[PDB]
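Asks: experimental structure and its sequence below.
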Amino acid sequence: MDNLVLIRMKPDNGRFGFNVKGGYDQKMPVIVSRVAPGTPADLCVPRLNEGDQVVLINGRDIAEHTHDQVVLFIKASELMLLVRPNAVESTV
Amino acid sequence: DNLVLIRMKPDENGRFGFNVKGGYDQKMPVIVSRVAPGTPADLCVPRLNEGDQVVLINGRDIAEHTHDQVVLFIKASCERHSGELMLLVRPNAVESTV
């Protein structure tokens, strides 16, 4: 789509501080389900927000990758995520 | 197997900030049904996630323990090593932490 947002993020343990649900095997988009306070995903600009939909992981189109394959791409990471922002909460 | 080991210190009121359902008497696995924002369960690393199934509590296998026994095990401060609750959980397959 248009108005995608590029989020950049450095790990803490190798951790970013966010949860994801979804994936091709779940027939659901990959959605950020929790961003924990004080973590890289919480403190980065632009912020990673819950309800944001992950579109690219380090340039890779993940639309047809499974939940567990998505998780492995993230941990195999800066982390570059291209997200479709949730409609309810916006960063400025 | 794909288990996750979690350790968690209680808040100032001795609470951890999650709900459990299930147990031997319910013929249902012990599952985390809610994890409240900003509670120890939400903020621990690895995080405790909703839908995670509890396998061990402070080293104890809870497979044949009742719901009320399981709750008692979580609340028992004298079974905690270094003031921490230990849980070994099977992560829910839908939500993952990174």
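Replies: Now that the structure is in, tell me what you want to look at. Numbers count the residues shown, from 1 in each chain, chains lettered A, B, ... in the order given.
Asks: quick check: residues of chain A near chain B?
Replies: Within chain A, the positions near chain B by CB under 8 Å from any CB of the partner chain are A:13, A:15-16, A:18-21, A:26, A:33-34, A:36-37, A:67-68, A:71, A:74-75. Quick note: C-beta positions are derived from backbone N, CA and C, even for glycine.
Asks: from the chain's centroid, how far away is stretch A:19-35?
Replies: 9 Å (CA atoms, centre = their mean, to the nearest Å).
Asks: who's in contact with it?
Replies: By CB atoms under 8 Å, 6 or more residues apart in numbering or on different chains, the residues outside stretch A:19-35 that reach it are A:17-18, A:41-42, A:47-54, A:62-71, A:74, A:83, B:42, B:47, B:49, B:94-98.
Asks: and it, which residues are buried?
Replies: A:19, A:20, A:21, A:22, A:23, A:24, A:30, A:31, A:32, A:33, A:34, A:35 (16 or more other CB atoms under 10 Å in any protein chain shown).
Asks: from one end of that stretch to the other, what's the distance?
Replies: 7 Å (CA to CA, to the nearest Å).
Asks: one more: stretch A:50-63?
Replies: End-to-end distance (CA to CA), stretch A:50-63: 19 Å.
Asks: one step back: possible to save the buried residues of stretch A:19-35 as JSON lines with secondary structure?
Replies: Formatted as JSON lines, the buried residues of stretch A:19-35 follow (DSSP: H, G, I helix; E, B strand; the rest coil):
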{"residue": "A:19", "secondary structure": "strand"}
{"residue": "A:20", "secondary structure": "strand"}
{"residue": "A:21", "secondary structure": "strand"}
{"residue": "A:22", "secondary structure": "strand"}
{"residue": "A:23", "secondary structure": "strand"}
{"residue": "A:24", "secondary structure": "helix"}
{"residue": "A:30", "secondary structure": "strand"}
{"residue": "A:31", "secondary structure": "strand"}
{"residue": "A:32", "secondary structure": "strand"}
{"residue": "A:33", "secondary structure": "strand"}
{"residue": "A:34", "secondary structure": "strand"}
{"residue": "A:35", "secondary structure": "strand"}
